[PDB]
């Protein structure tokens, strides 16, 4: 009969139904009346998932209860699908990363593609149906992407204030700037103190709208207008669709069309950029802001382990999303320019480095050269930005060390601690010549990681 597919919340349900069509009965586990971020599965819910043919969830950074279920699910017959597939995430403002990729139409295409791919692998006899259904829905998503680009590319004012911070990927992919606001709910009146803070914030930044995940209550809208001097509207994160909206034919695409209209009320109006209510402090040791007194000698054992070059994962495309993000975050280089920059940086024929308390072993061409190393000191460099970094210096004790005679590690630390990754400068001339090297910095992560894991780790912090 039809596949019994259990999905978690609304966009996972919709995207899965679009791909599976009449091959499946697709169930929505989290009903519209429950906020998906707050959902916790009951024993009955877990049973329903365990007994399904296929279970689809969006991402462990959204359905934070899914990781604990997978250890047992992996032993049951149900085939699981993580909708985001190999999509890399950025940190949010428990879970490490912001899951809200489906509010970017171009990313929604990638989730639909991945659901197609996984269902096609899981049920090969239906692959032509999945592929056909997916392609037709992707056509509609492509038109949505075009509407987004056309409606946002000429934005005069790129920043928008949202009570639900679901729109950072939309912002990155279409040239806007999400400004999340805290301590607000569509159905609740703020405290006197919070309202005063909001009134000052609106005035300081000339904020025209506060956007909410659903319509603000009549009372809250009135209060924000008469006391805080700001209008309200809806930026719907498409996490829930009411039965009323379902029966009126609303869906992901129509919600996103409404979101575009709502955004443009802000983005097509002149005005100053809106600052976050509380400012960031990026001046940290790992970002290169530290005091001389905290810089300490280190031993080779901080770097002990087995380490793999990241260069093959640039070459094979695994890091293409990293360079896409960098371009969208800074605007300073294009994606291709960033990839070229990191090609020069990562290029090396040293595929692996094994490090002990006293030795380093360098693998080139499937053969290894191993030397004993002594610590020789450290060097604090200052960069254009005004931040600094510490190189920790080692020298091989073998006459035959060649290009590995001199070795310097950079790992964003300044004192004893186990490295999580490093950039390594090595040569056979002197330490001083390596201090001037700024273009090539072969980069290593633990051998126990996949390239995909390295790529996601690069975006963390």
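Numbering follows the first chain given and starts at 1.
- Coordinates are given for every deposited residue between residue 386 and residue 387; the gap count there is zero.
- The stretch with the higher mean CA B factor, choosing between 386-394 and 114-122, is 386-394.
- Stretches compared: 310-318, 332-340. Higher mean C-alpha B-factor in the entry: 332-340.
- Reading the B-factor column for the CA atoms of 286, 143, 354, 163 in the entry, the top value corresponds to 286.
- Considering 62, 415, 30, 56 together, the PDB entry gives 415 the largest C-alpha B factor.
- Among all modelled residues in this chain, the alpha-carbon of residue 190 has a temperature factor (C-alpha) in the highest third.
- In the PDB entry, residue 239 places in the lowest third of its chain by CA B-factor.
- Per the deposited record, the Cα B-factor of residue 273 falls in the highest third when ranked against the other modelled residues of its chain.
- In this PDB entry, the Cα temperature factor of residue 178 sits in the bottom third of its chain's modelled residues, the lowest group.
- Among the modelled residues of the chain, residue 81 sits in the lowest third by CA temperature factor in this PDB entry.
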